[PDB]
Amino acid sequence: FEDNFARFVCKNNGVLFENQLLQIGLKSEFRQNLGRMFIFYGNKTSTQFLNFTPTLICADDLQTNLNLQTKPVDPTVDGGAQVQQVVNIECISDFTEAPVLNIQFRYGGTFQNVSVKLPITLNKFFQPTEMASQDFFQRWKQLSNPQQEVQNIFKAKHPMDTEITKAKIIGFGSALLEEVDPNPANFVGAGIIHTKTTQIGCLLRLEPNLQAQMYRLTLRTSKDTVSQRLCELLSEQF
């Protein structure tokens, strides 16, 4: 099997899970604190699936932070057919955990049971905000409380590739701000995390070291837990 949850930080669409029997494809869209996720259950076999009952599971804290609404789907999935489920998503507040999609079905007399995390991460509610450099620096200096900054220094997992790095920052949900850092090698981003009761301004600086293949990533936001979660999600992409 293939489980691709961790490959959805900076993209919205693709195969989430695939094994010999079943493909779970996914498309998703987000705006402000809301999203919609289309789940596509593909029957790769010649036998229908039966009592197919997808269950969304949200761990302890997560249910108060993240609201998911869906309809019942086909109990029966004909062989070679593809069936759609739509999930409506609302971010009530920031969160770390991901919802779990659990899939149980009968198949030719055999009991099938699959679980995979849905790619609903905090940065799906992250929208880009362009701004001039003096505005950026006023905002950065406004976030001067030590709790607001989370910094990570880490070895690159991927090539030190400028154009790919730019696309990652953009696919993450940040604006990419040019000519703000007077070092043209560095990357600066800005956006807003949308929740039900607040917008959280988020600023970031990514500093490559080409010769050492290292990065320093810094994220400043008005909420410690947002700075932390955004930094750990974004650090993992480079």
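Each residue number is its position in the shown sequence, starting from 1.
Look at the mean CA B-factor for 73-81 and for 162-170 in the entry; the higher one is 73-81. The deposited model assigns a higher average Cα B-factor to 58-66 than to the other stretch when 58-66 and 45-53 are compared. When the C-alpha B-factors of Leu210, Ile192, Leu34, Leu177 are ranked from the entry, the top spot goes to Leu177.
Per-chain ranking of the deposited C-alpha B factor places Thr110 in the highest third. For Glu149, the recorded CA B-factor ranks within the lowest third of the chain. Only modelled residues enter the ranking. In the PDB entry, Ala6 places in the highest third of its chain by CA B-factor. Split the chain's modelled residues into thirds by C-alpha temperature factor. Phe137 is in the middle one. Residue-level temperature factors show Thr96 in the highest third of its chain, judged at the C-alpha atom.
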